[PDB]
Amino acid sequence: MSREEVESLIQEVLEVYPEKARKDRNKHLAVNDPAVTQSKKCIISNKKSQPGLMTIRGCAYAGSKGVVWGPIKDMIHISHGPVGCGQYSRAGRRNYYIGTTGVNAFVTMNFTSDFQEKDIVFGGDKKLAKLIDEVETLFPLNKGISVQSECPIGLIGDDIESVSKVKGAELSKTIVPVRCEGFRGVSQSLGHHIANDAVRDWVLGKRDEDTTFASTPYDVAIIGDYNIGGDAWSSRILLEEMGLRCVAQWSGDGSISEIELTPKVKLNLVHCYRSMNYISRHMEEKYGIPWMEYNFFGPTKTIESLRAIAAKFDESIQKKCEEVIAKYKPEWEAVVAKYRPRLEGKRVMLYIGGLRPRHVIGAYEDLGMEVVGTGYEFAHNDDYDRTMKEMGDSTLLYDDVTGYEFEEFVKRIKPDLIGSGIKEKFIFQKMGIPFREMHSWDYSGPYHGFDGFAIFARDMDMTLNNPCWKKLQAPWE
């Protein structure tokens, strides 16, 4: 329906809440107007969640350990505190890497200090120092240690910075203290920022006066691609076919050395703005490295991004750009010819974290689909500013959506597909709505780049058009 019907759907849903929750939630729900460039006129974001309402959000530890640090493959990341957080986050996020796990790479392992009551009462800093020695004995090829604080650490007054300094000096080892306790902030978002500042403070400056590395004019870094199902590799291949040299990937398949080399690049290429804008602005301030936002979802966005990146270099790169575009043209055109007739006109509602709820819209539109509702767990108003121009007039926007709201919106809007996460998937399938995981790619992908678009289209088609959907109603009912 129109702005009229969407505003009254909002008001009807909010009738269930007690007054305080109703007043708060009304500020987080909006009907898009793509002419607005100041979203702080139509939606509030990055505030506390209301108690008891079944937010989909995680915590700062998820944003630091889960998202930014955990993918760094040749470091050991300690989940520091009791056993839960490291165990639930073990190998849940598909931040792919090449390595020999347990020997030179450690990503899908769960290292923890497994706090017990005596650690809460008397502190964990002695245990942390002993744990570091045990790591160095049993994992000698590790290239650095991070300490990912869980809730108790700051609450009990432990000093992990002092342990990291003393042990780092004793062992000549990079040991990074990260104060990403889940009591901090309101969501995964502050964990990104905390994590960025810890890279800045303890890793990124190591090679500041070290000019051993041989730079070229075409050196770039991929900033904020966590290589979900290999997404960063299907992006890197195109940048290097265009003649660029990808010195670093932050942090999917990332090594500590490539992070330390990043201040030598000529251009930072930012995919995930939300999680990595902080360190990008730092690098421009300190090293003079420019940064730019790009989008590798679907052919329209990937072609625009390649051209915009190549324009920052010289005619030789712009020429290679057009050769890459010519090479992949028949491939993505075949994907559209097969799949767009199967998906044309279908309507999608999204709910994801900080980037994908706007970034995937172009790829849907390349298959003739319409994103009729979108929202984020933990985005800020600068994300909503970028969303309002990507979404159609009179579409539904939701910040930090409640379980109740999402279900009620879906029952009225009746999308043909939903793209969200694991806590949402099984709800919507029972309602007879095709569902694709848009965090984990439902164990598929990559989705980035030309090669990723083929898999994206295959996946949306296999699910939306599956024979299972015609079978939920028993014929006697």
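Note that residue numbering begins at 1 and tracks the sequence as displayed.
In at least a third of the other compared PDB entries of this protein that cover both flanking sides, residue 37 is left without coordinates. According to the PDB record, 161-169 carries the higher mean C-alpha B-factor of the two stretches 161-169 and 95-103. Just going by the entry, 79-87 versus 302-310 on mean CA temperature factor gives the higher value to 302-310. Which of 413, 438, 54, 422 has the largest Cα B-factor in the deposited entry comes down to 413.
Comparing the C-alpha B-factors of 150, 260, 400, 323 in the entry, the top value falls on 323. Among the modelled residues of its chain, residue 444 has a C-alpha B-factor that falls in the lowest third according to the deposited record. In the PDB entry, a CA B factor belonging to the lowest third of its chain's modelled residues is recorded for residue 350. Residue 219 sits in the middle third of its chain by CA B factor, as recorded in the PDB entry. Ranked against the other modelled residues of its chain, the C-alpha B-factor of residue 284 as given in the entry falls in the highest third. The PDB entry assigns residue 16 a C-alpha temperature factor belonging to the highest third of its chain's modelled residues.
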